[PDB]
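We name chains A, B, ... by the order of the sequence lines, and we start the count at 1 in each one. Computed over heavy atoms, backbone and side chain alike; hydrogens, waters and symmetry mates excluded.
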Amino acid sequence: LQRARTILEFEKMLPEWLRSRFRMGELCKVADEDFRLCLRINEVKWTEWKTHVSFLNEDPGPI
Amino acid sequence: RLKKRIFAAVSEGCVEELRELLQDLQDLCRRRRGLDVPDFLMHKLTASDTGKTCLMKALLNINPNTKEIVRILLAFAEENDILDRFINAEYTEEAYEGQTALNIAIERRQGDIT
């Protein structure tokens, strides 16, 4: 929590052109006519086996 | 545009749409020179950039009517004498090289289709 206050105070003293260079997230199409900035997190789960039905991409590699 | 409607109908689970696209594929092939007809019919059922077949496209999209669709595509390829090369096609791109339709059916936990 103490380090988090230091991070946000450093972020406010940056110029607006340099705020655009350091940009969290990527633009993704999550639905029909719906574009949102999103953050990617990977995960491995060994205990609940299911057939995968809901996904945004058929091909599972880094594309 | 016959290639586009087959891959779309096989993903959504449209049985009655699929049988009509296959009969029109039967008609387009019979009026031909007759030299490389198995090379022509595998040119229609395969995406050219990835090597993905319409059998692979159905198994990636599990529907309430998936097990009926697979029987239609296998009975179709049997009567055109290409049942071997249709069921053992592979991906060609470097990311997924070697993956087959049996590989997809095991990962999707389809014990009856395997």
Side-chain angles (χ1 to χ4, degrees), chain A residues 28-32 34 38 40-63, chain B residues 1-30 36-114:
Chain A
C28 294
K29 180 176 172 66
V30 297
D32 290 327
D34 194 358
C38 294
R40 178 171 289 167
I41 294 172
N42 302 114
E43 189 175 1
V44 178
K45 294 183 289 294
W46 288 99
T47 58
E48 59 273 16
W49 295 107
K50 68 181 180 68
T51 172
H52 295 289
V53 177
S54 179
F55 51 86
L56 271 65
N57 286 317
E58 289 179 353
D59 296 333
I63 299 170
Chain B
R1 293 290 184 267
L2 191 34
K3 184 186 284 187
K4 265 65 185 299
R5 292 178 290 173
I6 292 171
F7 279 96
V10 78
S11 296
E12 296 178 354
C14 295
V15 175
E16 291 85 4
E17 178 66 26
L18 180 62
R19 291 178 179 175
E20 296 179 354
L21 297 173
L22 279 172
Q23 185 67 42
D24 187 74
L25 192 274
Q26 186 65 256
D27 294 332
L28 194 147
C29 293
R30 69 177 67 188
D36 54 356
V37 178
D39 188 75
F40 180 74
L41 201 149
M42 288 295 293
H43 186 75
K44 300 285 102 175
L45 294 174
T46 300
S48 178
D49 188 75
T50 63
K52 186 185 288 185
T53 64
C54 64
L55 183 63
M56 296 178 186
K57 189 76 174 179
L59 293 170
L60 289 170
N61 297 111
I62 301 299
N63 291 320
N65 55 2
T66 300
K67 295 183 290 295
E68 288 82 3
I69 295 170
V70 178
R71 289 193 294 268
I72 293 172
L73 274 305
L74 291 176
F76 181 76
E78 186 179 3
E79 294 293 327
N80 295 114
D81 292 331
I82 56 167
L83 184 62
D84 194 3
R85 63 181 293 164
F86 178 71
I87 205 166
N88 291 319
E90 294 179 354
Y91 285 89
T92 61
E93 291 182 352
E94 56 93 23
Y96 308 107
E97 183 180 2
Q99 186 177 5
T100 61
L102 181 62
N103 204 156
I104 298 169
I106 295 170
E107 191 271 331
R108 290 288 194 266
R109 306 181 68 85
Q110 297 297 110
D112 289 330
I113 301 172
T114 302

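- Here the closest heavy-atom approach between residue B/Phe7 and residue B/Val10 is recorded as O-CG1, 3.4 Å.
- In this structure, the side chains of B/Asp49 and B/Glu93 come closer than 4.5 Å at one or more pairs of heavy atoms.
- Side-chain N or O atoms of B/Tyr96 include none that pairs as donor or acceptor with a backbone N or O of B/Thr50 at under 3.5 Å.
- With rounding to the nearest 0.5 Å, the separation of CG in B/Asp27 from CD in B/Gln23 is 5.0 Å.
- Taken to the nearest 0.5 Å, the CG atom of B/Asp84 stands 12.0 Å off from the CD atom of B/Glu78.
- Considering every non-hydrogen atom in both B/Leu59 and B/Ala101, the closest pair reads CD1-O, 3.5 Å.
- Remark: side-chain polar atoms of B/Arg19 are not paired, donor with acceptor, to backbone N or O of B/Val15 under 3.5 angstrom.
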Self-check item: Stepwise salt bridge (charged side-chain N to carboxylate O under 4.0 Å, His left out) test for A/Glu58 and B/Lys57
Solution: CA-CA 9 Å; A/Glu58 289 179 353; B/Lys57 189 76 174 179; 2.8 Å; yes

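- In terms of heavy atoms, B/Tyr91 sits closest to B/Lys52 at OH-CE, 3.3 Å.
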Quiz item: Can you list the steps and then say if B/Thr100 with B/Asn88 is a side chain to side chain contact (heavy atoms under 4.5 Å, CB included)?
Solution: CA-CA 7 Å; B/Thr100 61; B/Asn88 291 319; 6.0 Å; no

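- Within a 6.0 Å sphere centred on CD of A/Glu48, other residues, nucleotides and ligands contribute more than 12 heavy atoms.
- With rounding to the nearest 0.5 angstrom, the CD1 atom of B/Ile113 is 6.0 Å from the NZ atom of B/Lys67.
- A distance of 10.5 Å separates CD1 in B/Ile69 from SG in B/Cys54, rounded to the nearest 0.5 Å.
- Within 6.0 Å of the CZ atom in B/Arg30, the count of heavy atoms belonging to other residues, nucleotides or ligands exceeds 12.
- The two atoms that bring B/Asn61 and B/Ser11 nearest to each other are OD1-OG, 3.5 Å, heavy atoms only.
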Practice problem: Kindly indicate, with the supporting measurements, whether the criterion side chain to side chain contact (heavy atoms under 4.5 Å, CB included) is fulfilled by B/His43 and B/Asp36. | Solution: CA-CA 10 Å; B/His43 186 75; B/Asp36 54 356; over 6 Å; no

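- B/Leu22 contributes atom CG, which lies 6.0 Å from atom CG of B/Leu73 (distance to the nearest 0.5 angstrom).
- In this structure a side-chain-to-backbone donor-acceptor pair under 3.5 Å is present from B/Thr66 to B/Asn63.
- For the pair A/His52 and B/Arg108, the tightest heavy-atom approach, listed with the atom from each and the gap, is O-NE, 3.8 Å.
- Under the 4.5 Å side-chain criterion, counting only non-hydrogen atoms from C-beta, B/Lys44 is not in contact with B/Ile6.
- Within 6.0 Å of CG on B/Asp112 lie no more than 12 heavy atoms contributed by other residues, nucleotides or ligands.
- A distance of 8.5 Å separates CD1 in B/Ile87 from CG in B/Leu102, rounded to the nearest 0.5 Å.
- Electrostatic pairing of A/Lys45 and A/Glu43 counts as a salt bridge here, judged by a charged N lying under 4.0 Å from a carboxylate O.
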Quiz item: What do the steps show when you test B/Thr46 against B/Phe86 for side chain to side chain contact (heavy atoms under 4.5 Å, CB included), and what is the final call?
Solution: CA-CA 9 Å; B/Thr46 300; B/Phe86 178 71; over 6 Å; no

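- Put simply, the side chain of B/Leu41 reaches to within 4.5 Å of the side chain of B/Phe76, judged on heavy atoms.
- Residue B/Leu21 comes nearest to B/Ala9 through the heavy atom pair CD1-CB, 4.5 Å, listed as atom of the first residue, atom of the second, then distance.
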Exercise. Begin from the C-alpha positions of A/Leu56 and A/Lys29 and carry the test side chain to side chain contact (heavy atoms under 4.5 Å, CB included) through to its verdict.
Key: CA-CA 9 Å; A/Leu56 271 65; A/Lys29 180 176 172 66; over 6 Å; no

